[PDB]
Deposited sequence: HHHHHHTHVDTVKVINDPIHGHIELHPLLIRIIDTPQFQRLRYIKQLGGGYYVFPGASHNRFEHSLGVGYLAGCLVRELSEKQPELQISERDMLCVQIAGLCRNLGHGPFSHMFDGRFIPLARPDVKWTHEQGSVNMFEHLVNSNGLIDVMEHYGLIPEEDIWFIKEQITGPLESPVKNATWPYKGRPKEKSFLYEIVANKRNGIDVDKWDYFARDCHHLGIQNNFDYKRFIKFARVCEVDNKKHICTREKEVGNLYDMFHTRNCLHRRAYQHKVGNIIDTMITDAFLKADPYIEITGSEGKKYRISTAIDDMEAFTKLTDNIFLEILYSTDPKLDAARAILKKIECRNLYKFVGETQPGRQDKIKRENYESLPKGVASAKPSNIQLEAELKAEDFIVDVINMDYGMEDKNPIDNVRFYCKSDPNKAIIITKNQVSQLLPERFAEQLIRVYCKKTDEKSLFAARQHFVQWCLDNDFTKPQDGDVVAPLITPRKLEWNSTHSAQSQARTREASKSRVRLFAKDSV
């Protein structure tokens, strides 16, 4: 039987009986304890939402777009079984996030295991594989019309990727642009967190996903089939990446929200050698090794935070000290923000040297602000059709749309912090950063003249 879910973002959403079987498992319900925005909840009190409700919304929107394409284009021969496999990927595309979401795979793991190749996409299919086997859903998928081996491949291909695709013929290549669009990034995962993060933080979203769906249409281009949209909508697609970039500077890359994220990783790193997570077959794992056993990664949620804080173990005292610094709001003071050049951008291989560089002129964080396609324009990977010939998809260049569009599509930001809260330190630390920007020929800080003339 179909179940219904009331959602503040999408309203009542219908779930296939198989979708419910995937939801009501420990590997999915785990997501109720991973916060979407990690440390951003300690700056925006409304961002209490977790990965679980986000996953439901991505599965709903995937089903919405995949159904509009089949209803408007029966030529595509999209089957109910394709739609279902599309909805499973949208639900399971978030399975592989770790504690506090982008803090785990973007800070902690890069610091604890510098040479491991790890992303949440990889974790999502590793966890999805453990979800199906550990709950006996192979038979369940057969009962609802799915052919597992091919479809298990197809689902995992939407989440991560690799005509290199084994799960679906190239004649249905457009199904891979719904859940996780590797070609341009216009996927159902962005549309849900645009609306769900703005709802919870209390900021404004400037992209209407429903209007986009009404004009979505598969077109052939360069002998392959892509998802295209109308030419009259090219302006709002630019505004979708302007929405996403505006969402990052306000909330995701909030300097206080990020310094709280760095403090949690540093506490996690200091608690790493002493926290024991029981994995598969009784084996024990650290925080940085739980990603190797899915049975242990299941039990690696935000509970680690309170486990460290509510602890009595003397070995956890140093990690507990950093969390106590957070609950008392004694945080590292933000001293300034600057920008390098495109050609003078700092490489990740040099990140470990900069606090030494500013002291000779400390916490330095480097954030890269791009439209998704590194320094490339994502819209140039989008094709557009006219109302007189819906099968001819043309290229709309940036100069054809507007002269007010961004000159560049990627940039880098350098935030500097100081661990000493002394008024004399915060003054002296600000003096180093201002001279550090003049020496390295970086851009002038906004508060530069008042704190240091």
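Asker: What are the C-alpha gaps when you align the coordinates back onto the deposited sequence?
Answerer: Several regions go unmodelled: 1-10, 173-181, 381-395, 488-524.
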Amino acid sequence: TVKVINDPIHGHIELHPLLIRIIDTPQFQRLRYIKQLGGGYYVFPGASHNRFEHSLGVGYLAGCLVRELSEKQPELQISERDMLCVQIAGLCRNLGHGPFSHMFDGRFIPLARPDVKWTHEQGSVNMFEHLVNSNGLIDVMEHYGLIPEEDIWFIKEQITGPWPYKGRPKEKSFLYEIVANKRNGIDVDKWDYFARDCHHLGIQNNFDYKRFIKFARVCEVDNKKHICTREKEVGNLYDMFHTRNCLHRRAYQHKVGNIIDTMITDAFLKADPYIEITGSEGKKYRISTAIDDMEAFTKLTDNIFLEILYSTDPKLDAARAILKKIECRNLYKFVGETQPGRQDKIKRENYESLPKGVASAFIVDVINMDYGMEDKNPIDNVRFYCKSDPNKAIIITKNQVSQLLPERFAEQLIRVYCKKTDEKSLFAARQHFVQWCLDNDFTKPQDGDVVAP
From here on, numbers count along this sequence of modelled residues.
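Asker: Pick between 344-352 and 122-130: the one whose mean CA B-factor in the entry is higher.
Answerer: Looking at the record's C-alpha B-factors, the answer is 344-352.
Asker: Decide which of the stretches 298-306 and 214-222 has the higher mean C-alpha B-factor, going by the entry.
Answerer: Taking the mean B-factor of the alpha carbons in each, 214-222 is higher.
Asker: Which of these, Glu142, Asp208, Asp187, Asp192, has its C-alpha atom at the highest B-factor, as the entry lists it?
Answerer: Among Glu142, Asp208, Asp187, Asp192, the PDB entry lists the largest C-alpha B-factor for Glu142.
Asker: Return the residue from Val43, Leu426, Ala62, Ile34 that has the highest Cα B-factor in the entry.
Answerer: The listed residue with the largest C-alpha B-factor is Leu426.
Asker: When the deposited Cα B-factors of this chain's modelled residues are ordered and cut into thirds, is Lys419 in the lowest, the middle or the highest one?
Answerer: Within its chain, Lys419 is a middle-third residue by C-alpha B-factor, going by the deposited values.
Asker: Lowest, middle or highest third of the chain for the C-alpha temperature factor of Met103?
Answerer: As the PDB entry reports it, the C-alpha B-factor of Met103 lands in the middle third of its chain.
Asker: Using the B-factor values recorded in the entry, state whether the Cα atom of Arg67 falls in the lowest, middle or highest third among the modelled residues of its chain.
Answerer: As the PDB entry reports it, the C-alpha B-factor of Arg67 lands in the middle third of its chain.
Asker: Could you tell me which third, lowest, middle or highest, the C-alpha B-factor of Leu413 occupies within its chain?
Answerer: Its C-alpha B-factor, which the entry lists for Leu413, ranks in the middle third among residues of this chain.
Asker: Looking at the entry's B-factor column for C-alpha atoms only, identify whether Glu233 ranks in the lowest, middle or highest third of its chain.
Answerer: According to the entry, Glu233 has a C-alpha B-factor in the chain's middle third.
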